[PDB]
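Chain by chain, the residues run as shown.
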Amino acid sequence: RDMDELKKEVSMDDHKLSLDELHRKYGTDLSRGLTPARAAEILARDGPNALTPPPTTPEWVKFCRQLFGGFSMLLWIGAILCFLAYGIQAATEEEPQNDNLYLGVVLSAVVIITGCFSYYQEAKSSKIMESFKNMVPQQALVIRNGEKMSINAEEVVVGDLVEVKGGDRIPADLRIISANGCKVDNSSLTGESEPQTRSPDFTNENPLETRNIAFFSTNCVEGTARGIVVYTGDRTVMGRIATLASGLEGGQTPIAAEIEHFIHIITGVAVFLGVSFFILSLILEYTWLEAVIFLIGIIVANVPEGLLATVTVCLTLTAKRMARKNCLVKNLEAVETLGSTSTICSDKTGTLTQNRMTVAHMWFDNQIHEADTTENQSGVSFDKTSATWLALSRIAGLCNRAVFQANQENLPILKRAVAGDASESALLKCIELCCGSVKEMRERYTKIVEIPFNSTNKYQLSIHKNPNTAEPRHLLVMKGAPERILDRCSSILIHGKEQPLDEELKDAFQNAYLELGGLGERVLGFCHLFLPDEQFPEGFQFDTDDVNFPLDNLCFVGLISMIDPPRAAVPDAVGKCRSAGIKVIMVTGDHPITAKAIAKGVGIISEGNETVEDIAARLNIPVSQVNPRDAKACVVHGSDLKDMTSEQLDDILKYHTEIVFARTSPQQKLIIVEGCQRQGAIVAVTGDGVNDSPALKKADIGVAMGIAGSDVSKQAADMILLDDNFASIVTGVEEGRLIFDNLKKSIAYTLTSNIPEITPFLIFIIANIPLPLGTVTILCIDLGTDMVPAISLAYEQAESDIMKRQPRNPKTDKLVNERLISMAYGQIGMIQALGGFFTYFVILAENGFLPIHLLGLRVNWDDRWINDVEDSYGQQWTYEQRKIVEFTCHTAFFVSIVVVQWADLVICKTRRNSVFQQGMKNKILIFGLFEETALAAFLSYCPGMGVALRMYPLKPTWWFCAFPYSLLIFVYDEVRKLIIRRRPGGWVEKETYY
Amino acid sequence: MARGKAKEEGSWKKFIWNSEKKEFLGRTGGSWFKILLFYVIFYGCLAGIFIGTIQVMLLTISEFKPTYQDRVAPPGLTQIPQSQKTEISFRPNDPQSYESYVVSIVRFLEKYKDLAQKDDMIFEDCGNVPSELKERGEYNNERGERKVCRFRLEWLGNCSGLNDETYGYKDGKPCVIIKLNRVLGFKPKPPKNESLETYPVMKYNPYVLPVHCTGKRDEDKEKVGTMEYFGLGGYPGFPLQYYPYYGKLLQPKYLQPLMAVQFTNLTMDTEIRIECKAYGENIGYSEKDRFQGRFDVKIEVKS
Amino acid sequence: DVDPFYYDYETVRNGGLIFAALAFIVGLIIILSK
Ligand SMILES: CCCCCCCCCCCCCCCCCC(=O)OC[C@H](COP(=O)([O-])OCC[N+](C)(C)C)OC(=O)CCCCCCCCCCCCCCCCC
Ligand SMILES: CCCCCCCCCCCCCCCCCC(=O)OC[C@H](COP(=O)([O-])OCC[N+](C)(C)C)OC(=O)CCCCCCCCCCCCCCCCC
Ligand SMILES: CCCCCCCCCCCCCCCCCC(=O)OC[C@H](COP(=O)([O-])OCC[N+](C)(C)C)OC(=O)CCCCCCCCCCCCCCCCC
Ligand SMILES: CCCCCCCCCCCCCCCCCC(=O)OC[C@H](COP(=O)([O-])OCC[N+](C)(C)C)OC(=O)CCCCCCCCCCCCCCCCC
Ligand SMILES: CCCCCCCCCCCCCCCCCC(=O)OC[C@H](COP(=O)([O-])OCC[N+](C)(C)C)OC(=O)CCCCCCCCCCCCCCCCC
Ligand SMILES: CC(C)CCC[C@@H](C)[C@H]1CC[C@H]2[C@@H]3CC=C4C[C@@H](O)CC[C@]4(C)[C@H]3CC[C@]12C
Ligand SMILES: CC(C)CCC[C@@H](C)[C@H]1CC[C@H]2[C@@H]3CC=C4C[C@@H](O)CC[C@]4(C)[C@H]3CC[C@]12C
Ligand SMILES: CC(C)CCC[C@@H](C)[C@H]1CC[C@H]2[C@@H]3CC=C4C[C@@H](O)CC[C@]4(C)[C@H]3CC[C@]12C
Ligand SMILES: Nc1ncnc2c1ncn2[C@@H]1O[C@H](COP(=O)(O)OP(=O)(O)O)[C@@H](O)[C@H]1O
Ligand code: ALF
Ligand SMILES: [Mg+2]
Ligand SMILES: [Mg+2]
Ligand code: NA
Ligand code: NA
Ligand code: NA
Ligand code: NA
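Residues numbered from 1 in each chain as written, not as in the entry; some residues may be left out. Chains lettered and ligands numbered in written order. Heavy atoms only, no water.

Looking at the method and resolution fields of the entry, one finds X-ray crystallography and 2.800 Å.

Laid out in structure tokens, this is it:
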């Protein structure tokens, strides 16, 4: 069941009109297009091809979401019962306290400050992230006035004719005038992503079912089509749908899942204590109203309100950093995932390479030939007149399909802008500069049929009419993977004369590829066949879906190789990447020779490791004789991956340090990825072409080249390097590693405080001593040390070890693990607690009550009526008189925690290095330290603080009581981290490296 | 890689499962031990530091005097009948209704019996009239256990008796007994003619610290009671010869000055609030501490 | 001023408020460092 009935309601089309009819309707010539005039005219009439902006949310409403954001909402709950309990106090007593009045005030205040803070940050992300929504001007290819040009899709009007190819996004609703084996992706419309074919045929009375309508917002997977624009902008079937053509979507990142899991359990225990303490307090003769306020204070205390805001800042930070690096990231959480990468499977052509090729050598007549590679000023280094070169360059031109764009024939050949394969571009530009006009050559040999090139066939092919006299009337021409091409041939062309492909030439063809390909040049094979007349009459009906003509027994003409150098950054890119423990695997549909070469040149493979072929060739023994494990690197032809079991593929992945997968199919690019994932890794695919689509989707993170990348591949990815800068991947990986550390650091720090925030009341019962710390003071601990300092850690700069340490194991280094509970609770949380206890005993003993005396007093110290409370010196204390000291003890215990929280907030700044390497360059941390203590001075030394919150001034000696303990933390962790710097794999590390 | 790590496990039985090696969802007896020990030494030594640093502070307070007194600064006025909620309510005719008030007040006065102040080494005789501060000396172990200024049950007029087992105390019209709070090294100062009292300065400006029990505050109040102060020398307050106090270390059996107030009113069957007040220069009061230098007992002789 | 026994909280209070002022102000001065 669907709603497709509620979509075909408002339809009405011309998928039924004949071509002549279609012509006279829109008025455009079905082959020459519309004049640029008539285009500009209709554009001002109809307005740009762009859906009109759908308002998602308003400002103030987004403010409120933030204000009630998860933790924020519970804060209101407590803040409500704080005002609520204060209302009740003015009904049970005459002029009661001011505690719960001020408590609701502060609590609520926190939600507000937190709220409007987090808002503003999250607003800043959606400012910067949206500054990129309009940086990729989706282009469209239109044939206006005979020639063809690529313009902004916004400039496409009703009427003109569009040409989509493989991986092109369909720019507006089209009626297909023409297509060779075109397949579109109707997923966005009809669910199933299976490629539906578009022919020009009218197939179904319903515009949706029919094959000759290509829709706006779908994209054509592969094949090629020319359509005519029948719906622009909001008028298209996909603009008509008032849902969400572009904006809000789905997916739930692992980092998000880790956080959400933690928050579910931390909030769990935090409410387990609250109510266990709530009933315990009740048992311990706590008043009814101050029991719920004890609970509500406990809950706030074991719940890390900062986390959210911290996360928000961290994203806002990362989104600002990627932005300055021209790296469009569709989901900010995913940058985390890009840190957790163990394995980058990269594409070769247009990714590691510049995709800017230039023809450098040809192989024909058993000889290798050079052609002027840069600043040519001439043509090649052979006679332009050679019969063979003639037959080569004819098909390099004929089987080519690339063309110069509009209004270019007036400037130099290198200076003009093209349209099609970077390979074809080079072929075009080559022969246009040294031989003739491909424009004229192609028009002389009017092309009857073709199967356009695709990443899986790895050859193009076309049958052209021949206008010569030694013309057998039809000329087949084809090009592709030189190996593949050669294997389809019977004869070879030599000095004009074709003569059978003996063994000798085959091996000269093979040294040629080794030679030429070994320079890291890209190679294409070229052959033709002169279709015999008696078998192919004049009006012959060439079929191209059942192959009416020979695909075998062709005449190999030659090889042409083009230079295609590695993109500037790529070496140090993959350098730094491996150095961070990330495994780089090349995955290419190119030839093994060409691949390995680049693999060594960029450093996927290091010259010193051998392949089994390398080893075998060294000892002059059979390759199939070498033991595969003696090889650290290997170059795996996809023709053999076809005969791999998963185990076999698994094993090559498992036991090889430097892998390269050559001549791989699109799917194979997925299998490999699928393999690398099966091992338990997190993979990154960097693509460009549309053959990268399926891997890029399967990958834990897709990364498209923002320029040379296709529509469909950029759409698959989670990252689009707009400057095509491959180095951005490192900048990304570091950033991602940093989100993870700083988010773990924050959780380490915020969790310490819990132990001391709850140990007092636990001991109050276990030793029956005066309460060292109470509700009012617990809140201060929390909202004073566990807030700003926690968020400060988000602003904390990178460590120094990140791009030098192995990628995190997703099933070990969880954002919160047992080792992190070990420290915040069992180690650093304990010490801090002892700091408070110490000062507590010091104050009482100094005020007359030696610790040993303190056992048992609870019942009667808390008792409102016994005013003969005899200390150790025998002195007699009244109720309020000893309470003054008790609550002075509270104010100190709190202040103590503040002192130890410095050291903790210092050690929780670095997880490996020392704090002298790291250095105080996080100014927001320093800021956090000062205000945190200024506040702590203030709460104790401000008048009426003991009448309003039971907080009384400290005597100078008190502050230092916690100092020994604070230092103890700094140094325990300092040496703890030092043992790890100098004992990797060592017991220290394997237990205390949270 | 060839390195074997991670958790590619497929048994939730591993919660306890061990057939392989590791057990209890933990590691092996080698590390289940080793880490247990780490904490053992850690906490063990950690507790050592708390102990240690606690010990350092201990030798910064003399076991003779508190390092701070300003929080017991002015003392408070306290009675001996355990006050339920400051209230002494009973049915005068019925013995059961006050038997609680009696046992508490009787238990305390057993520290003051004549049979308890036997020996002349521990107990010294301060005169039968209130004198000036008998200053034992300097708050040290120099002179040993200082002498205890004795106090006879007889001075508390009419609230002493001499029965058999339990003291025969006041059933018709009760006996409240007032006491001062032991502040180590304190010397009470009786008021002069400037800052006078809510009542005419009963004699003994020199050596008696006055205590006067009026009705509920001083303003418009239902004043219905018959006060009768009983004490040493027949004076309504405290004999200055008992101070200063030298601590539990130096005066283990120190008996403090007592001073009763048998309340023999003319109004049964109702509850009346009565505020006592010890006046002086060394005595302060507080609007929050209802016990600092003063007193708010509300009693009901509802028969 | 002085007299029998007590603790001068006037200066301990004004002293700590001078300090709260330092930490507060210096705290801002770092977070706004030009
Ligand atoms: C009884 C208990 C009482 C305790 C109450 C404590 C209240 C704390 C409540 C939550 C505070 C959360 C704030 C997160 C930290 C933001 C850091 C940041 O760099 O901000 C700039 C960022 C700007 O973007 P940015 O971070 O990219 O730019 C930073 C550039 N420099 C380095 C120059 C600053 O955002 C803000 O502008 C938002 C404003 C929010 C500030 C909150 C102030 C806290 C108020 C009181 C706390 C105590 C100290 C008193 C001093 C007040 C003056 C500051
Ligand atoms: C009136 C009430 C009494 C008041 C007193 C209050 C005292 C309570 C103190 C705290 C108790 C809270 C327990 C800790 C919570 C940890 C849960 C967690 O998320 O771990 C999951 C994780 C699960 O991780 P996992 O999901 O990845 O699973 C891993 C396993 N494989 C790989 C096979 C999938 O568990 C652990 O691995 C950790 C083991 C811990 C060892 C023992 C745990 C429990 C023992 C102590 C609790 C005692 C109960 C006290 C209550 C008494 C009430 C009367
Ligand atoms: C009256 C008694 C008072 C006692 C006070 C005790 C206070 C201690 C509080 C509990 C600490 C646990 C905090 C939970 C935080 C959760 C964080 C999270 O993200 O979880 C994921 C993490 C996941 O980490 P992980 O991924 O590494 O775990 C799985 C990995 N393997 C398979 C290797 C196990 O889970 C945790 O680590 C949970 C911690 C459990 C530790 C056990 C603590 C014991 C509790 C205290 C003593 C019990 C007493 C019993 C006797 C009762 C009699 C009175
Ligand atoms: C490798 C790195 C190491 C660092 C280099 C070595 C530095 C020198 C070593 C120690 C320094 C001095 C401190 C130790 C003394 C112990 C104090 C004591 O016994 O406490 C109990 C005493 C108790 O003495 P009491 O027994 O008479 O008790 C009564 C005192 N009152 C009434 C005040 C309670 O406590 C104090 O009175 C001390 C508090 C005073 C207030 C301020 C103290 C700050 C001074 C420290 C400065 C450190 C020097 C550096 C300069 C800093 C400039 C920015
Ligand atoms: C009253 C006591 C006050 C004590 C205050 C002093 C601060 C420190 C207190 C505890 C001692 C622990 C400090 C060790 C930190 C490790 C630094 C390190 O990695 O070095 C290489 C770093 C990094 O060099 P790197 O950048 O070339 O990288 C090398 C990294 N390793 C060598 C680990 C492979 O060098 C430095 O940056 C120099 C700064 C560190 C020097 C320490 C300053 C003072 C600390 C020691 C004084 C205390 C005496 C010791 C006794 C303690 C017991 C009371
Ligand atoms: C209030 C006081 C009494 C609470 C004391 C809680 C102590 C006993 C708790 C707090 C944190 C705990 C540790 C937290 C994490 C781990 C890692 C686990 O693999 C072994 C147990 C161990 C080491 C725990 C032992 C007990 C532990 C140390
Ligand atoms: C290098 C190492 C060993 C130095 C060790 C110094 C320890 C012993 C010092 C550092 C700070 C000290 C404390 C500082 C302040 C006070 C308050 C005072 O009223 C009692 C003593 C007490 C509690 C101190 C005891 C000793 C102390 C803990
Ligand atoms: C190394 C760094 C972290 C040490 C920080 C030392 C800070 C904690 C110390 C140094 C001097 C201290 C002050 C010294 C004297 C007084 C007067 C007293 O009436 C109030 C506290 C107050 C104001 C103290 C607060 C804390 C204090 C400011
Ligand atoms: N336009 C084209 N016409 C014919 N053959 C081509 C064309 N482009 C590439 N080829 C050949 O087919 C192979 C497959 O290319 P593909 O599968 O996309 O990988 P890559 O883009 O890395 O070459 C190429 O190595 C090349 O030899
Ligand atoms: F650029 Al490729 F296969 F290397 F598409
Ligand atoms: Mg590609
Ligand atoms: Mg390609
Ligand atoms: Na909290
Ligand atoms: Na994915
Ligand atoms: Na903390
Ligand atoms: Na906390």
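Additional details are given in the paragraphs that follow.
So, about the overall build of chain C. Check the secondary structure of chain C and you find 1 helix and 0 strands. On the principal axes, the C-alpha backbone points of chain C span a range of 55 × 10 × 5 Å. In chain C, which comprises 34 residues, the share counted as buried stands at 15%. Surface exposure of chain C reaches about 2,700 Å², of which carbon and sulfur atoms provide 69%. (Helix = DSSP H or I, 4+ residues; strand = E, 2+ residues; numbered from the N terminus. Buried < 20%, exposed > 50% of the residue type's maximum accessible area, 1.4 Å probe, protein only. Areas by Shrake-Rupley, 256 points an atom, 1.4 Å probe, with all protein chains shown as cover.)

Taken together, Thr 759, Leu 762, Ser 822, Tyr 825, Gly 826 and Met 830 of chain A together with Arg 27, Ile 35, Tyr 39 and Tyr 43 of chain B make up the full set of residues adjacent to ligand 6. At the site occupied by ligand 6, the surrounding residues belong to chains A and B. Between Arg 27 of chain B and ligand 6, the recorded distance is 3.0 Å, taken from a side-chain N or O atom to an oxygen atom. Taking 600 Å² as the accessible area of ligand 6 by itself, protein coverage stands at 55%. Broken down by element, the residue count for the shell around ligand 6 peaks at 4 residues, all from helix α30 (residues 818-846) of chain A. A per-class count over the shell around ligand 6 returns 6 nonpolar, 3 polar and 1 charged. (Near = heavy atom within 4 Å. Polar contact = N/O pair within 3.5 Å; in protein donor to acceptor, adjacent residues only side chain to side chain. Nonpolar A, V, L, I, M, F, W, Y, C, P; charged D, E, K, R; others polar.)

Before going further, it helps to examine the pairing of strand β11 (residues 358-364) of chain A. Residues and elements named next belong to chain A. Burial analysis of β11 places 6 of its 7 residues in the buried class, the great majority of the element. As judged from the 5 bridges shared by β11 and strand β19 (residues 554-563), these two strands associate in the antiparallel manner. Paired with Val 359 across the bridge in β19 is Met 562. Pairing of β11 with strand β12 (residues 367-370) involves 4 bridges; the strand directions are antiparallel. Residue pairing across strands places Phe 364 opposite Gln 367, the latter belonging to β12. (Pairing = 2+ DSSP bridges.)

Here the focus is the interface of chain C and chain B. Each partner contributes to the interface: chain C provides 4 residues, whereas chain B provides 6 residues. In total, chain C and chain B occlude about 500 Å² of area from one another, counting both sides; carbon and sulfur atoms represent 64% of this. When the buried surface of chain C facing chain B is broken down by residue, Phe 5, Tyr 7 and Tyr 9 of chain C rank first, second and third, together holding 88% of it. Summed over the shared surface of chain C and chain B, the result is 2 residue pairs in polar contact. For the side of chain C that touches chain B, the residue count by class is 4 nonpolar, no polar and no charged. (Contact = heavy atoms within 4.5 Å. Buried area = accessible area lost by both parts, 1.4 Å probe.)

This part takes up the interface of chain A and chain B. When the parts of a complex come together, some accessible area is lost, and that lost area is often used as the size of the interface. Contacts between the two partners involve 47 residues from chain A, matched on the other side by 55 residues from chain B. Area buried by chain A at its contact with chain B is led by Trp 865, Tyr 873 and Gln 876 of chain A, which between them contribute 17% of it. Here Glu 880 of chain A ties to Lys 288 of chain B by a salt bridge, and the two come within 3.1 Å at their closest N and O atoms. Applying the counting rule to chain A against chain B returns 21 residue pairs in polar contact. Breaking the side of chain A that touches chain B down by element, the ones donating at least two residues are α30, β27 (876-877), α32 (879-907), α36 (963-982) and α37 (989-992) of chain A. For the side of chain A that touches chain B, the element with the highest residue contribution is α30 of chain A, accounting for 12 residues. Broken down by class, the residue content of the side of chain A that touches chain B amounts to 18 nonpolar, 17 polar and 12 charged. (Salt bridge = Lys/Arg side-chain N within 4 Å of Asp/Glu carboxyl O.)

Put simply, a metal with four donors set out as a tetrahedron has ideal angles of 109.5 degrees, and one with six donors set out as an octahedron has ideal angles of 90 or 180 degrees. Residues and elements named next belong to chain A. The magnesium ion (ligand 11) binds to the protein through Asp 347 (OD) and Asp 688 (OD); the donor distances cover 2.3 to 2.7 Å. Separating the magnesium ion (ligand 11) from the magnesium ion (ligand 12) is a distance of 4.3 Å. With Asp 347 in the loop between β10 (343-346) and α12 (348-352) and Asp 688 in the loop between β23 (683-687) and α24 (693-698), this pair connects stretches of sequence that are 341 residues apart. For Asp 688, a relative accessible area of 5% translates into the label buried. (Donors = N, O, S within 2.8 Å, 3.2 Å for Na, K, Ca; no water.)

Turning our eyes to something else, we now look at the state of the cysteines. The final tally for this structure, using the stated rule, is 3 disulfides over all chains. Paired by a disulfide, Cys 126 of chain B and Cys 149 of chain B hold their sulfur atoms 2.0 Å apart. Handedness of the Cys 126 of chain B-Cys 149 of chain B disulfide follows from its S-S torsion of about -60 degrees: it is left-handed. In this pair, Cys 126 of chain B sits in the loop between β3 (123-124) and β4 (148-149) while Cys 149 of chain B sits in strand β4, placing the two residues 23 residues apart along the sequence. The disulfide that involves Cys 159 of chain B links it to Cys 175 of chain B, with 2.0 Å between the sulfurs. Across the S-S bond linking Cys 159 of chain B and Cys 175 of chain B, the dihedral sits near -75 degrees, which makes this disulfide left-handed. Of this pair, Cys 159 of chain B sits in the loop between β4 and β5 (175-180) while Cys 175 of chain B sits in strand β5, and the two are 16 residues apart along the sequence. Each of the two residues, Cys 159 of chain B as well as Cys 175 of chain B, counts as buried. With no disulfide of its own, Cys 399 of chain A has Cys 527 of chain A as its nearest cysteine by sulfur position, at a separation of 8.6 Å. Under the relative-accessibility criterion, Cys 399 of chain A is labelled buried at 0%. (Disulfide = S-S within 2.5 Å.)

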